[PDB]
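Peer 1: Sending over input-v4.cif (mmCIF, C-alpha atoms).
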data_input
loop_
_atom_site.label_atom_id
_atom_site.label_comp_id
_atom_site.auth_asym_id
_atom_site.auth_seq_id
_atom_site.Cartn_x
_atom_site.Cartn_y
_atom_site.Cartn_z
CA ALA S 1 -11.33 26.36 -18.75
CA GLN S 2 -11.38 22.67 -17.74
CA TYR S 3 -7.67 22.54 -16.96
CA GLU S 4 -6.60 25.62 -14.97
CA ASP S 5 -3.28 26.67 -13.56
CA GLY S 6 -3.45 26.23 -9.80
CA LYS S 7 -6.00 23.44 -10.19
CA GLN S 8 -4.67 20.24 -11.78
CA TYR S 9 -1.24 21.73 -12.18
CA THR S 10 0.85 24.74 -11.26
CA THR S 11 3.32 26.66 -13.41
CA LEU S 12 6.94 27.11 -12.44
CA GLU S 13 7.92 30.71 -11.76
CA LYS S 14 11.36 29.77 -12.95
CA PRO S 15 11.16 27.47 -15.97
CA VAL S 16 13.83 24.84 -16.36
CA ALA S 17 15.36 24.81 -19.83
CA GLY S 18 16.34 21.52 -21.47
CA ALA S 19 14.61 19.44 -18.78
CA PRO S 20 13.35 15.88 -19.55
CA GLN S 21 9.91 15.89 -21.17
CA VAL S 22 8.18 13.94 -18.42
CA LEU S 23 10.18 14.08 -15.21
CA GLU S 24 9.15 12.26 -12.06
CA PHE S 25 10.64 12.36 -8.53
CA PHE S 26 10.17 9.88 -5.71
CA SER S 27 11.68 8.31 -2.55
CA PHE S 28 11.45 4.73 -1.30
CA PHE S 29 10.60 6.32 2.10
CA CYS S 30 7.71 8.31 0.61
CA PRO S 31 4.34 6.69 1.50
CA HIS S 32 2.39 8.29 -1.35
CA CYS S 33 5.18 7.11 -3.62
CA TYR S 34 4.54 3.56 -2.50
CA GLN S 35 0.88 4.12 -3.29
CA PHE S 36 1.78 5.69 -6.67
CA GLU S 37 3.91 2.72 -7.61
CA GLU S 38 2.15 -0.30 -6.21
CA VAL S 39 -1.54 0.60 -5.97
CA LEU S 40 -1.98 3.27 -8.63
CA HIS S 41 0.74 2.47 -11.19
CA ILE S 42 0.90 6.15 -12.13
CA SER S 43 4.13 5.97 -14.16
CA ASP S 44 2.63 3.21 -16.17
CA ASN S 45 -0.73 4.72 -16.91
CA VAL S 46 0.88 8.02 -17.82
CA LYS S 47 3.11 6.27 -20.35
CA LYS S 48 0.08 4.51 -21.84
CA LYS S 49 -1.35 7.96 -22.67
CA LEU S 50 1.74 9.83 -23.75
CA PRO S 51 2.11 10.54 -27.47
CA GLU S 52 4.78 9.08 -29.70
CA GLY S 53 8.28 10.45 -29.12
CA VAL S 54 7.90 11.26 -25.44
CA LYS S 55 10.49 9.91 -23.03
CA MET S 56 9.81 9.34 -19.37
CA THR S 57 12.37 9.99 -16.67
CA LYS S 58 12.18 8.98 -12.99
CA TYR S 59 14.62 10.13 -10.27
CA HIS S 60 15.13 9.34 -6.54
CA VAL S 61 15.59 12.15 -3.99
CA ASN S 62 17.82 12.58 -0.92
CA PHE S 63 15.76 14.66 1.48
CA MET S 64 13.98 11.67 3.08
CA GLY S 65 15.52 8.99 5.29
CA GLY S 66 18.89 10.62 5.85
CA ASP S 67 21.94 8.47 5.19
CA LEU S 68 20.00 5.57 3.72
CA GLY S 69 18.09 8.07 1.59
CA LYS S 70 21.35 8.95 -0.18
CA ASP S 71 22.30 5.28 -0.42
CA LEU S 72 18.95 4.74 -2.07
CA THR S 73 19.63 7.51 -4.58
CA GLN S 74 22.94 5.90 -5.52
CA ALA S 75 21.25 2.46 -5.86
CA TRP S 76 18.59 3.95 -8.06
CA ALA S 77 21.50 5.28 -10.18
CA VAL S 78 22.83 1.69 -10.32
CA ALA S 79 19.36 0.47 -11.26
CA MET S 80 19.25 3.03 -14.12
CA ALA S 81 22.72 2.21 -15.39
CA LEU S 82 22.01 -1.55 -15.40
CA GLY S 83 18.44 -1.13 -16.70
CA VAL S 84 16.95 -3.10 -13.82
CA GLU S 85 14.47 -0.47 -12.53
CA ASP S 86 11.56 -2.86 -13.11
CA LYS S 87 13.09 -5.64 -11.06
CA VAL S 88 13.97 -3.69 -7.94
CA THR S 89 11.31 -0.99 -7.59
CA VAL S 90 8.89 -3.23 -5.77
CA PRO S 91 11.33 -5.06 -3.48
CA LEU S 92 12.88 -1.74 -2.52
CA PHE S 93 9.54 -0.14 -1.64
CA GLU S 94 8.46 -3.16 0.41
CA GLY S 95 11.85 -3.56 2.07
CA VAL S 96 11.83 0.10 3.16
CA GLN S 97 8.12 0.49 4.02
CA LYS S 98 6.41 -2.91 4.37
CA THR S 99 8.77 -5.47 5.86
CA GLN S 100 11.38 -2.93 7.03
CA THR S 101 14.32 -5.13 6.26
CA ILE S 102 16.26 -2.34 4.59
CA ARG S 103 18.49 -0.62 7.13
CA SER S 104 21.88 -0.36 5.44
CA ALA S 105 23.55 -0.21 2.05
CA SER S 106 24.15 -3.92 2.43
CA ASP S 107 20.44 -4.59 2.66
CA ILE S 108 19.80 -2.46 -0.48
CA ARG S 109 22.43 -4.63 -2.21
CA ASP S 110 20.71 -7.88 -1.07
CA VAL S 111 17.59 -6.78 -2.96
CA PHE S 112 19.63 -6.52 -6.17
CA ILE S 113 21.32 -9.90 -5.51
CA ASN S 114 17.96 -11.50 -4.89
CA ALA S 115 16.66 -9.90 -8.07
CA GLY S 116 19.44 -11.61 -10.00
CA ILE S 117 22.00 -8.88 -10.60
CA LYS S 118 25.44 -10.30 -9.86
CA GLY S 119 27.48 -9.21 -6.85
CA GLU S 120 30.45 -8.17 -8.89
CA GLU S 121 28.23 -6.42 -11.41
CA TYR S 122 26.44 -4.42 -8.74
CA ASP S 123 29.56 -3.42 -6.78
CA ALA S 124 31.33 -2.36 -9.99
CA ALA S 125 28.26 -0.32 -10.98
CA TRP S 126 27.91 1.00 -7.40
CA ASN S 127 31.46 2.38 -7.54
CA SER S 128 31.58 3.49 -11.17
CA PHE S 129 31.87 7.15 -12.19
CA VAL S 130 29.00 6.51 -14.58
CA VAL S 131 26.90 6.04 -11.48
CA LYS S 132 28.46 9.16 -9.92
CA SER S 133 27.31 11.33 -12.85
CA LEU S 134 23.90 9.66 -12.75
CA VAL S 135 23.59 10.59 -9.02
CA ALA S 136 24.72 14.12 -9.92
CA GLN S 137 21.95 14.30 -12.51
CA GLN S 138 19.28 13.16 -10.05
CA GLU S 139 20.34 15.86 -7.67
CA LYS S 140 20.70 18.52 -10.39
CA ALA S 141 17.21 17.89 -11.75
CA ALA S 142 15.72 18.12 -8.27
CA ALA S 143 17.73 21.24 -7.46
CA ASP S 144 16.61 22.99 -10.64
CA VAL S 145 13.00 22.84 -9.52
CA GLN S 146 12.67 23.82 -5.83
CA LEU S 147 12.10 20.27 -4.83
CA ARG S 148 10.85 19.96 -1.27
CA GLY S 149 8.26 17.24 -1.70
CA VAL S 150 7.49 13.96 -3.44
CA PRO S 151 5.84 12.39 -5.38
CA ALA S 152 6.23 15.08 -7.97
CA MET S 153 5.96 15.22 -11.72
CA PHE S 154 7.15 18.02 -13.98
CA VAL S 155 6.30 18.40 -17.65
CA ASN S 156 8.78 20.08 -20.07
CA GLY S 157 10.50 21.82 -17.16
CA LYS S 158 7.51 24.11 -16.94
CA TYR S 159 4.47 22.53 -15.30
CA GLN S 160 4.00 20.62 -12.07
CA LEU S 161 1.20 18.14 -11.42
CA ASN S 162 -1.11 19.05 -8.57
CA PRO S 163 -2.81 15.82 -7.43
CA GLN S 164 -4.41 17.50 -4.40
CA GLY S 165 -6.68 19.22 -6.93
CA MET S 166 -8.24 15.94 -8.21
CA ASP S 167 -10.97 13.60 -6.82
CA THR S 168 -9.72 10.63 -4.76
CA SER S 169 -13.00 8.87 -4.02
CA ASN S 170 -12.28 6.52 -6.89
CA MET S 171 -8.67 5.49 -7.43
CA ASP S 172 -9.05 4.54 -11.10
CA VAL S 173 -10.58 7.91 -11.78
CA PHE S 174 -7.75 9.67 -9.95
CA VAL S 175 -5.15 7.89 -12.08
CA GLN S 176 -6.87 8.66 -15.39
CA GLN S 177 -7.33 12.30 -14.42
CA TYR S 178 -3.67 12.40 -13.46
CA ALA S 179 -2.67 10.78 -16.74
CA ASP S 180 -4.96 12.86 -18.93
CA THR S 181 -3.56 15.95 -17.24
CA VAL S 182 0.00 15.00 -18.12
CA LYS S 183 -1.12 14.42 -21.71
CA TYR S 184 -2.78 17.85 -21.82
CA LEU S 185 0.31 19.50 -20.35
CA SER S 186 2.42 17.51 -22.78
CA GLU S 187 0.56 18.98 -25.77
CA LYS S 188 0.46 22.55 -24.50
#
Produce structure tokens that represent the structure in this file.
Peer 2:
Amino acid sequence: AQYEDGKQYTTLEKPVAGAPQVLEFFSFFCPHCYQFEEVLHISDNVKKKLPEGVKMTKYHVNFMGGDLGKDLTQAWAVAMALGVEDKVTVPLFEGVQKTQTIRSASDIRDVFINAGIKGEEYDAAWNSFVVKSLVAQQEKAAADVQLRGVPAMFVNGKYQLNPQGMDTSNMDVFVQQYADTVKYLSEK
């Protein structure tokens, strides 16, 4: 066929029931993640090709960048709870990987303050049990699926994107292939 298991995707040996329809994992320490977000806009171009009714989930992971890696997972939980993902994703990536001004929880916080979320609002969110459960979810979802590397996308808890099996000579072509694949997997 044109899409083959082991080529553009792999199948999970141990399918994850009740998983989000399109589930994506990343880390602000992850260099391909930076690429995926700021150069390629993967999440975005996938959405543009998903059918009606399909929700997209994105989670941060702990296994990169030690202590600040966990801090980043909690802050992403804050971002999700407050609905400010789109206002912090870029300053977080650049603060971790470009300018390297993110070294502590306090620097993560500064990014939110600069993005216009209020101090009190952030600290309350930061400490809330709603953020605790949201952290728990991020970890649970990663745990369910063997997760040892990012970026990673899983469709219907069953299939995992395999970008190493796609051409990278042209970036636009890589994105569309990636996106079309998710759509195919989506419909399967």
Peer 1: Counting only C-alpha atoms, what is within 7 Å of segment 66-73 of chain S, bar same-chain residues fewer than 5 positions away, as a VMD selection string?
Peer 2: chain S and resid 60 to 61 104 to 105 135
Peer 1: I'd like to know which of S:147, S:182, S:33, S:152 is closest to residue 90 of chain S, using only C-alpha atoms.
Peer 2: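 With only C-alpha atoms as the atom set, the closest residue is S:33.
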Peer 1: With a distance cut-off of 10 Å and only C-alpha atoms, select the neighbouring residues of segment 12-28 of chain S, excluding the residue or stretch itself and same-chain residues fewer than 4 positions from it, and output the selection as a PyMOL selection string.
Peer 2: chain S and resi 32-34+36-37+43+46-47+50+53-65+68-70+72-73+76+89-90+92-97+138+141-142+144-147+149-161+182-183+185-186
Peer 1: So, counting only C-alpha atoms, which residue among S:39, S:119, S:10, S:99 is closest to residue 175 of chain S?
Peer 2: S:39
Peer 1: Have a look at atom CA of residue 115 of chain S and atom CA of residue 75 of chain S and let me know their distance in Å, one decimal.
Peer 2: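 Those two atoms sit 13.4 Å apart.
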Peer 1: Using all atoms listed in the file, can you tell me which of S:42, S:1, S:102, S:80 comes closest to residue 163 of chain S?
Peer 2: S:42
Peer 1: Would you mind reading off the distance between atom CA of residue 180 of chain S and atom CA of residue 166 of chain S, one decimal, in Å?
Peer 2: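 So the two atoms, atom CA of residue 180 of chain S and atom CA of residue 166 of chain S, lie 11.6 Å apart.
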Peer 1: For the atom pair atom CA of residue 136 of chain S and atom CA of residue 116 of chain S, what is the interatomic distance in Å to one decimal place?
Peer 2: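 Atom CA of residue 136 of chain S sits 26.3 Å away from atom CA of residue 116 of chain S.
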Peer 1: Can you turn the PyMOL selection byres ((chain S and resi 126) around 10) into a concrete residue list for this file, as a PyMOL selection string?
Peer 2: chain S and resi 71+74-79+81+109+120-125+127-132
Peer 1: Would you mind telling me which residue in S:134, S:184, S:30, S:112 lies nearest to residue 86 of chain S when using only C-alpha atoms?
Peer 2: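 That would be S:112, the residue with the smallest distance to residue 86 of chain S.
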Peer 1: Because the input lacks atoms here, generate N, CA and C atoms for segment 163-185 of chain S and report them as a PDB file, keeping the file's coordinate frame.
Peer 2:
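Output saved as rebuild28.pdb:
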ATOM      1  N   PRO S 163      -1.838  16.884  -7.707  1.00  0.00           N
ATOM      2  CA  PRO S 163      -2.810  15.820  -7.430  1.00  0.00           C
ATOM      3  C   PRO S 163      -3.815  16.154  -6.340  1.00  0.00           C
ATOM      4  N   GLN S 164      -3.479  17.087  -5.458  1.00  0.00           N
ATOM      5  CA  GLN S 164      -4.410  17.500  -4.400  1.00  0.00           C
ATOM      6  C   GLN S 164      -5.640  18.184  -5.000  1.00  0.00           C
ATOM      7  N   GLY S 165      -5.533  18.659  -6.242  1.00  0.00           N
ATOM      8  CA  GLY S 165      -6.680  19.220  -6.930  1.00  0.00           C
ATOM      9  C   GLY S 165      -7.440  18.231  -7.816  1.00  0.00           C
ATOM     10  N   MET S 166      -7.524  16.957  -7.418  1.00  0.00           N
ATOM     11  CA  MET S 166      -8.240  15.940  -8.210  1.00  0.00           C
ATOM     12  C   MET S 166      -9.076  15.053  -7.250  1.00  0.00           C
ATOM     13  N   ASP S 167     -10.178  14.458  -7.714  1.00  0.00           N
ATOM     14  CA  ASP S 167     -10.970  13.600  -6.820  1.00  0.00           C
ATOM     15  C   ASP S 167     -10.235  12.300  -6.491  1.00  0.00           C
ATOM     16  N   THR S 168     -10.368  11.851  -5.247  1.00  0.00           N
ATOM     17  CA  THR S 168      -9.720  10.630  -4.760  1.00  0.00           C
ATOM     18  C   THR S 168     -10.721   9.612  -4.201  1.00  0.00           C
ATOM     19  N   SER S 169     -11.994   9.790  -4.513  1.00  0.00           N
ATOM     20  CA  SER S 169     -13.000   8.870  -4.020  1.00  0.00           C
ATOM     21  C   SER S 169     -12.876   7.567  -4.784  1.00  0.00           C
ATOM     22  N   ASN S 170     -12.484   7.684  -6.048  1.00  0.00           N
ATOM     23  CA  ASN S 170     -12.280   6.520  -6.890  1.00  0.00           C
ATOM     24  C   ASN S 170     -10.831   6.561  -7.353  1.00  0.00           C
ATOM     25  N   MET S 171     -10.075   5.507  -7.071  1.00  0.00           N
ATOM     26  CA  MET S 171      -8.670   5.490  -7.430  1.00  0.00           C
ATOM     27  C   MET S 171      -8.378   5.442  -8.940  1.00  0.00           C
ATOM     28  N   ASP S 172      -9.175   4.668  -9.663  1.00  0.00           N
ATOM     29  CA  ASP S 172      -9.050   4.540 -11.100  1.00  0.00           C
ATOM     30  C   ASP S 172      -9.291   5.874 -11.775  1.00  0.00           C
ATOM     31  N   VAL S 173     -10.249   6.615 -11.248  1.00  0.00           N
ATOM     32  CA  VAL S 173     -10.580   7.910 -11.780  1.00  0.00           C
ATOM     33  C   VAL S 173      -9.451   8.885 -11.466  1.00  0.00           C
ATOM     34  N   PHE S 174      -8.848   8.769 -10.285  1.00  0.00           N
ATOM     35  CA  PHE S 174      -7.750   9.670  -9.950  1.00  0.00           C
ATOM     36  C   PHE S 174      -6.574   9.482 -10.898  1.00  0.00           C
ATOM     37  N   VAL S 175      -6.212   8.230 -11.139  1.00  0.00           N
ATOM     38  CA  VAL S 175      -5.150   7.890 -12.080  1.00  0.00           C
ATOM     39  C   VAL S 175      -5.395   8.440 -13.489  1.00  0.00           C
ATOM     40  N   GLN S 176      -6.580   8.206 -14.032  1.00  0.00           N
ATOM     41  CA  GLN S 176      -6.870   8.660 -15.390  1.00  0.00           C
ATOM     42  C   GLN S 176      -6.831  10.178 -15.512  1.00  0.00           C
ATOM     43  N   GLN S 177      -7.356  10.840 -14.491  1.00  0.00           N
ATOM     44  CA  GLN S 177      -7.330  12.300 -14.420  1.00  0.00           C
ATOM     45  C   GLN S 177      -5.892  12.765 -14.385  1.00  0.00           C
ATOM     46  N   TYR S 178      -5.082  12.078 -13.581  1.00  0.00           N
ATOM     47  CA  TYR S 178      -3.670  12.400 -13.460  1.00  0.00           C
ATOM     48  C   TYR S 178      -3.009  12.247 -14.812  1.00  0.00           C
ATOM     49  N   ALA S 179      -3.321  11.141 -15.485  1.00  0.00           N
ATOM     50  CA  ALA S 179      -2.670  10.780 -16.740  1.00  0.00           C
ATOM     51  C   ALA S 179      -3.108  11.727 -17.865  1.00  0.00           C
ATOM     52  N   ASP S 180      -4.416  11.913 -17.981  1.00  0.00           N
ATOM     53  CA  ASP S 180      -4.960  12.860 -18.930  1.00  0.00           C
ATOM     54  C   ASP S 180      -4.364  14.244 -18.741  1.00  0.00           C
ATOM     55  N   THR S 181      -4.161  14.647 -17.488  1.00  0.00           N
ATOM     56  CA  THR S 181      -3.560  15.950 -17.240  1.00  0.00           C
ATOM     57  C   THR S 181      -2.170  16.034 -17.818  1.00  0.00           C
ATOM     58  N   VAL S 182      -1.368  14.988 -17.620  1.00  0.00           N
ATOM     59  CA  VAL S 182       0.000  15.000 -18.120  1.00  0.00           C
ATOM     60  C   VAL S 182      -0.031  15.120 -19.644  1.00  0.00           C
ATOM     61  N   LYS S 183      -0.989  14.430 -20.256  1.00  0.00           N
ATOM     62  CA  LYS S 183      -1.120  14.420 -21.710  1.00  0.00           C
ATOM     63  C   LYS S 183      -1.446  15.828 -22.182  1.00  0.00           C
ATOM     64  N   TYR S 184      -2.422  16.461 -21.538  1.00  0.00           N
ATOM     65  CA  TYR S 184      -2.780  17.850 -21.820  1.00  0.00           C
ATOM     66  C   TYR S 184      -1.574  18.784 -21.713  1.00  0.00           C
ATOM     67  N   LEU S 185      -0.866  18.680 -20.591  1.00  0.00           N
ATOM     68  CA  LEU S 185       0.310  19.500 -20.350  1.00  0.00           C
ATOM     69  C   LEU S 185       1.381  19.243 -21.390  1.00  0.00           C
TER      70      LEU S 185
END
